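This is what each chain is made of:
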Amino acid sequence: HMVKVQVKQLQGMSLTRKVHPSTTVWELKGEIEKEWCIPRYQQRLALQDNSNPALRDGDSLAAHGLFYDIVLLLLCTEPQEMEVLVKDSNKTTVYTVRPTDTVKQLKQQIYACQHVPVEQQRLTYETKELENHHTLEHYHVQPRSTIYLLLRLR
């Protein structure tokens, strides 16, 4: 019911995990993180043997057509920034942030651009509400993912 996923590094060092085909690429990067401590944001995954597409963090292996044993090559990249979509009642705005930035720093960006005071902002990621002191990587916010904005005036 589960497939074999091997993740090989440039020099051949690798890890093997029995994972369910409904597991997302982002969640798979979290499994790579608990073994080798590489942040998910600095992990680039690609198929070793590819009938040919690029892996998408939000979708599962089976959503890529990968529901069998596969071999993935791992590349480590330098710490850069990512974008995050902030969807409010009517529109969706994009912000440039670092994975190490806290929720409060992102709220101040939303307040500078959408003109909504910080204390009024209630941000939720994957149904879970964010606290202003935690970082975005603490919530495993994927690059280019969506954060939902609701306004609380009291």
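So, how was this worked out
- The numbering scheme restarts from 1 for each chain and tracks the written sequence of that chain rather than necessarily the entry's numbering. Residues without coordinates are not displayed.
- Calculated side-chain values reflect all of the structure's heavy atoms, with hydrogen atoms and water omitted.
- Domain segmentation is taken from an automatic or database assignment of domains.
- By definition in these notes, contact holds between two residues if any of their heavy atoms fall within 4.5 Å.
- Summed over both partners, buried area is the accessible surface (1.4 Å probe) that two parts give up on being assembled.
- A carboxyl oxygen of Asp or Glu within 4 Å of a side-chain nitrogen of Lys or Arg is what we treat as a salt bridge.
- Under this grouping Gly is polar, as are all residues other than the nonpolar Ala, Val, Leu, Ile, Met, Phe, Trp, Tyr, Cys and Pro and the charged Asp, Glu, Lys and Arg.
- Strand pairing follows a simple DSSP-based rule, namely that at least 2 bridges must link the two strands.
- For the purposes of this entry, the term helix denotes a DSSP run of H or I that reaches at least four residues, the term strand denotes a run of E that reaches at least two, and both are numbered from the N terminus.
- An axis is simply a line fitted to the C-alpha atoms; with a helix, the fit covers only the stretch in contact. Between two such axes, the angle follows the N-to-C directions and lies from 0 to 180 degrees.
- Burial here depends on accessible area, computed with a 1.4 Å probe over protein chains only, as a share of the maximum for the residue type. Under 20% is buried, over 50% is exposed, and the range in between is partly exposed.
- Expected helix span is given by 1.5 Å per residue-to-residue step, counting one fewer step than there are residues.
- When two rings of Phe, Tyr or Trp (its six-membered ring) have centres within 6.5 Å they constitute a pair, described as stacked for plane angles under 30 degrees, edge-to-face for angles over 60, and tilted for the intermediate range.

1. What about the domain arrangement of the protein chain?
- Taken domain by domain, the protein chain holds domain 1 (3-76) and domain 2 (82-151).
- Opposite the 5 residues of domain 1 that make contact, domain 2 presents 8 residues.
- Considering only the side of domain 1, the residues that lose the most area to domain 2 are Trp26, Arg40 and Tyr41, jointly responsible for 79% of the buried surface there.
- Our enumeration of links across domain 1 and domain 2 arrives at 0 salt bridges.
- A per-class count over the side of domain 1 that touches domain 2 returns 2 nonpolar, 1 polar and 2 charged.

2. Some points on the sheet that holds strand β4 (residues 70-76)
- In space, the 4 strands of this open sheet follow the order β2-β1-β4-β3, with mixed pairing throughout. Every other strand in the sheet has two partners, leaving β2 (14-19) and β3 (43-47) as the edge strands with one partner each. Direction aside, neighbouring strands of the sheet carry axes that sit 30° apart on average.
- Of the strand pairs in this sheet, strand β1 (residues 3-8) and β2 are connected by 6 bridges, and their pairing is antiparallel. Paired with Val5 across the bridge in β2 is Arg17.
- Contacts between helix α1 (residues 25-36) and the sheet are confined to β1, β2, β3 and β4, with β3 contributing the most and set at about 115° to the helix.

3. Some thoughts on the pairing of β1
- Side chains of β1 alternate between two faces, with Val3, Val5 and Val7 buried and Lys4, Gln6 and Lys8 left unburied.
- In this antiparallel pair of consecutive strands, β1 and β2, the connection spans 5 residues, and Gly12 shows a positive phi of 100°.

4. Considerations on α1
- The end-to-end C-alpha distance of α1, which contains 12 residues, comes to 16 Å, matching closely the 16 Å that a straight helix rising 1.5 Å per residue would cover.
- Three or more residues of α1 are buried, namely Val25, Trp26, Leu28, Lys29, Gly30 and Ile32.
- On its buried face, α1 sits against β1, β2, β3 and β4.
- Just downstream of α1 lies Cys37, where phi reads positive at about 70°.

5. Quick look at the packing of aromatic side chains
- Tallied over the full model, the rule gives 2 aromatic pairs.
- Seen in terms of ring centroids, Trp26 and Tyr41 are 5.1 Å apart; in terms of plane orientation they differ by 70°. Their pairing is edge-to-face. Of this pair, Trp26 sits in helix α1 while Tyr41 is found in the loop between α1 and β3, placing the two residues 15 residues apart along the sequence.
- Taking relative accessible area as the criterion, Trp26 reaches 3% and is therefore assigned buried.

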